[PDB]
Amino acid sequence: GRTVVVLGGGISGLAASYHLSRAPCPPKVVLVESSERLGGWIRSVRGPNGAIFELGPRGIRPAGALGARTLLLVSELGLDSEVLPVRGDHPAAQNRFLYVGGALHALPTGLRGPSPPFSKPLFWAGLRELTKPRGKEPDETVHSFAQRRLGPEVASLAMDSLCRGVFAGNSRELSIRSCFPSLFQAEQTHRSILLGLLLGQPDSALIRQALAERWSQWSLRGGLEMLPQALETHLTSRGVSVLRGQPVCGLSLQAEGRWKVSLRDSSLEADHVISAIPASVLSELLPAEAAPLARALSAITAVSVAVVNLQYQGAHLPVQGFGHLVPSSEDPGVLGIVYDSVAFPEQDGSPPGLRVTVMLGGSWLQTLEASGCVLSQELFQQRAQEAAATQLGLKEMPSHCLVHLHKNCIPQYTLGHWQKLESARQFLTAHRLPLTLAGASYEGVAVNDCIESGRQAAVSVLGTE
């Protein structure tokens, strides 16, 4: 007999529980979720008119080894017939925009480089980049890194916007080493980003089709939530114990180095624990003897994001594309807008209606959260509608609106994040604690990364017995 408890029923926790239960000689697995539902930030709402409104991720990229692993999981879960891809022969896969100076500007795609809002090169900017010195510090902020090797314009207009689109965060506080590993390694190793990227994967039917059709992203017909739903179904089917509505309240070691997972008014013993909850939360569950680990984990915080889904009957966008990003110099509060209907017309409902999703956050939301201002649904709906009106020419009143304030939903990998992870890792091994870390708080926030962190936790835990 052997029991493994997984804390957190988000995509990372589900992936870990899934891989543990698929092993040849699986241990007893118990997945403990605090809320009434599994899936974490992956959540889909089915509107009155039949349209799908995503409240978190709304598509997954198949590129790279991780994207391939995720598609392999989709096949194993038998979700093939539900896959909705955005094929390479569409504008949602070949067009990203930046809203700057009262207008939407297409970002350079191919080698075409003569491109507003940029002054002159992108030929020239990348030219002096190949000759730019190599940073000698163990870490650097994205902004500093960007301005030093790419210039002020690329830093303020491109990297600033990209950090908001991926991490809903501030490039002046985010780590290049942790947030854009590839760019950091390129510079350190080859001494040049471009030069380094030029020097430079499971298999399945879906993966082959994704490559042949050049998918930029994919989702699922009834909403991305179908993914955690399928995982949950398979777990219950494999005899895995899933507890919902039961937040973990404490962790402590006892007889024969077994964990004591304390719930509200219940308790569970575990030979090993896989923590797939936010680092700040685990930090508080740890016993007194793990104070150093708790301190390393508490240093990892997350920003909030307010998601506003807007639908318009009979309206159209100024341009066709994936969506657009908004630099912090344009509007701290409006991170960007995704053109959901361009990518997935099949989820527009009937009668079909134009759908866009406005992501709010930045210093605007942070200062309000820190202030006594009541974060009402009205405030977010108003700012989102105004953003759509000004940035997309959609002055019409939305026919449907959904507002969700997601508290501390995207971990921020700030300067020194790598050392917070190193410290936690060394404490765990040095004290031989039967605890493994997984999820967005550590090695990546993307769903592909979270799934992989869950799989890796399962592998390391199964190896030990």
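Note that residue numbering begins at 1 and tracks the sequence as displayed.
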query = Can you say how many deposited residues have no coordinates in the span between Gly200 and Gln201, choosing none, 1 to 3, 4 to 9, or 10 or more?
reply = 4 to 9
task = Between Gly113 and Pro114, determine how many residues of the deposited chain lack coordinates; answer none if the chain runs continuously, otherwise 1 to 3, 4 to 9, or 10 or more.
result = 1 to 3
task = Return whichever of 425 to 433 and 33 to 41 has the greater mean Cα B factor according to the PDB record.
result = 425 to 433
Higher-scoring stretch by recorded Cα B factor average, 331 to 339 or 390 to 398 = 390 to 398
query = Whose CA atom has the top B-factor in the entry, of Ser237, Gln381, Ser171, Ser304?
reply = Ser237
query = Say you rank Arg295, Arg244, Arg264, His324 by Cα B-factor from the PDB entry; which sits at the top?
reply = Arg264
ask   = Would the CA B-factor of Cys25 place it in the lowest, middle or highest third of its chain?
value = highest
message = Ranking every modelled residue in this chain by its Cα temperature factor as given in the entry, which third contains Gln313?
response = highest
message = Going by the CA temperature factor in the PDB record, which third of the chain does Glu225 belong to: lowest, middle or highest?
response = lowest
message = Is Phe118 in the lowest, middle or highest third of its chain when residues are ranked by C-alpha B-factor?
response = highest
task = Please rank the C-alpha B-factors of the chain's modelled residues and tell me whether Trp259 sits in the lowest, middle or highest third.
result = highest
